[PDB]
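One line per chain: the protein sequences are H and L, in this order.
What the first sequence shows, in the authors' numbering, is residues 2 to 148, 152 to 205, 210 to 240, in sequence order.
Going by the authors' numbering, the residue at position 203 of the second sequence is 205; the numbering climbs one at a time, nothing skipped.
Below is one structure; the comments refer to it alone.
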Amino acid sequence: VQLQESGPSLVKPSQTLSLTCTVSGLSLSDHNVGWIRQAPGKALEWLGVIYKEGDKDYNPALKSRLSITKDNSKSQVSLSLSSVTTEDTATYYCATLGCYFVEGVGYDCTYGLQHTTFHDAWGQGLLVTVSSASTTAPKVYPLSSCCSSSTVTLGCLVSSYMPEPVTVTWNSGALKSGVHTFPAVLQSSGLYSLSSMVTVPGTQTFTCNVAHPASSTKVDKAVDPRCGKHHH
Amino acid sequence: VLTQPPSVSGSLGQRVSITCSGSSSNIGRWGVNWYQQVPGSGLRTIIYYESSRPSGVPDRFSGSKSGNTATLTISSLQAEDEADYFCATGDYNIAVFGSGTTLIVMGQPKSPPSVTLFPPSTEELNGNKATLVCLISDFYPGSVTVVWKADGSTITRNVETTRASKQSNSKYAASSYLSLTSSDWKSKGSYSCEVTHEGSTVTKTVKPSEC
């Protein structure tokens, strides 16, 4: 059981934001699926929900701009938000609306819960940014703190990209101990840059795997750990 | 909208409670749900209806409701509990969520920041660019101030520093960037990154002319 959001992470203002929630290991026939978003540093905002039989409820404040449909055969739930502005920049989540009978009171429902197993049922969340800027792929550079310590420190600079996010791994996900990927900063140029670091106490090669789905780019970059041999 | 306190504090092993006040239409009538979001990940359901918890959430979390005010209580705090907590309920055919509460766990051991100042790579200098990366990690409390320098002179322009963020060991990390041209890079003798934390400064220096 998994819920996965997908769709453009960059949309132009006044256009329509369209996302797809693909539901794995589950049947949309007997599951309510809803949408919730979270603006940068803001509280959660309910969008709407499509029930088992195709019935729908929406947030009154957004009803006029909101459309939720679903295709049982494709195991997909759709979200359309028209005439988007910068206020619509947010991390969008899809989740199940699990309902249950309370013996004494009646029926009640919970977003992010499965109706019978009572398991967690949240999507991963997809950040989509309403901006007029275009898609800029990142230039990735190797970081070396050589300019002879016990713990060599190296990394990758993922520089000047738009839009968020990028995902960085090391050696195809094999190296995870001692790694730290930092949050991105926004610079004067109007583009994002972040860095990932590896501290290791070498006898191995280090390549970082950068991926920027917005530009469909994927770069593997080898990072030279050695010091006094390269420079001399 | 459901009213939550913007933030609450507590120390390790101590009990903390987060309130969620609504009205007789939503909280007074229908069930209340709570959600956890660590800054690195998304949303996770921790309790539902009133006091029931999904599979895999600890026994420390529990919920209760008195009239129109619901409460999420964490019995004995731990480091991983530092996150944002949101409540939610229904009015009828409508769902309403809370304003959010940031939970901060105090009493964690202090740590000075590890600082690494990276120079610009030769591949970036070929594009007539030069960005200096100052990586900061393993510091608590999560608050640092970064000041850049060049030949002992402070620089304020073309400096972008990220706020502190929670990393894997539950202390904090941050990063600061100094974007300048490749001719500006060789124009000075030495650049440095000063990181002050709890009245103590850690400084790392880089030199283009030597390197």
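Backbone N, C-alpha and C define an ideal beta-carbon position, used for all residues, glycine too.
Along the region 55-99 of chain L, the beta strand (DSSP E) occurs as fully enclosed runs of 3 or more residues at 63-68, 71-76, 86-92 and 97-99, listed in sequence order. DSSP, read as helix, strand or coil, puts H:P205 in coil. For L:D153, no beta strand (DSSP E) run applies, since DSSP gives it neither H nor E. A straight line joining the alpha-carbon of H:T23 with that of H:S84 spans about 24 Å.
The alpha-carbon separation between H:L27 and H:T117 amounts to approximately 12 Å. Pairing L:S194 with L:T205 gives a Cβ-Cβ distance under 8 Å. Residue pairing by DSSP places L:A176 opposite L:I138 in a beta bridge.
Setting aside the 5 residues that flank it on each side, H:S176 is surrounded in the same chain by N217, each with a C-beta closer than 8 Å to its C-beta; the list follows chain order.
No Cβ of chain H is located within less than 8 Å of the beta carbon of L:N128. Taking each of H:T225, H:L29, H:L179 and H:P187 in turn and checking the Cα distance to H:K75, the smallest one comes out for H:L29.
Its chain contains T155 as the residues whose beta carbon lies nearer than 6 Å to that of H:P205, once the 5 sequence neighbours on both sides are disregarded; these appear in chain order. Assignment of H:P143 by DSSP, reduced to helix, strand and coil, places it in the strand class. With respect to H:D121, L:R46 sits close: the two C-beta atoms are nearer than 8 Å. Interface with chain L (8 Å Cβ-Cβ cutoff): H:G159 is included.
Using a Cβ-Cβ cut-off of 7 Å, L:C195 is close to nothing in chain H; its nearest Cβ partner there is about 12 Å away. Uninterrupted beta strand (DSSP E) stretches at least 3 residues long and entirely within the region 12-58 of chain L occur at 18-23, 34-39 and 46-49, given in chain order. Put simply, the region 177-195 of chain H touches the region 161-168 of chain H. At least three CB pairs are less than 8 Å apart. If you look at L:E162, you'll find it in the beta strand (DSSP E) that goes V161 to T163.
The three-state secondary structure of H:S30, taken from DSSP, is helix. Contact of L:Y142 with chain H is not assigned, every C-beta pair being separated by 8 Å or more. Taking C-beta atoms as the reference points, H:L11 and H:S132 count as a pair closer than 8 Å. Against L:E125, the close residues of chain H are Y142, in the order they occur along the chain (beta-carbon pairs closer than 7 Å).
With respect to chain L, the C-beta atom of H:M201 has a partner C-beta closer than 8 Å. Taking a contact to require three or more Cβ pairs closer than 8 Å, the region 77-92 of chain L and the region 21-37 of chain L qualify as touching. In terms of Cβ geometry, L:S202 and L:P121 do not form a close pair [threshold 8 Å].
Close to L:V135, with beta-carbon spacing below 7 Å, are these residues of chain H in chain order: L144, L161 and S199.
Separation of L:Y50 and H:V189 (C-alpha to C-alpha, rounded to the nearest whole angstrom) is 36 Å. With fewer than 16 other beta carbons inside 10 angstroms of its own, L:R17 counts as exposed. Contact check between the region 127-146 of chain H and the region 105-117 of chain H: fewer than three CB pairs, one atom from each, fall below 8 Å, which does not count as touching. The C-alpha of L:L105 is placed about 18 Å away from the C-alpha of L:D61.
As DSSP reads the structure, H:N217 sits in a beta bridge with H:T173 and H:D228. For H:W47, the closest alpha carbon among the candidates L:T118, L:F99, L:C136 and L:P143 is that of L:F99. Burial is judged here by how many other beta carbons sit within 10 angstroms of a residue's own beta carbon; L:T164 has at least 16 and is buried.
Within the region 99-114 of chain H, contact with chain L at the beta-carbon level (separation under 9 Å) is assigned to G99, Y101, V103, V106, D109, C110, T111, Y112, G113 and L114. No Cβ-Cβ contact shorter than 8 Å links L:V161 with L:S189.
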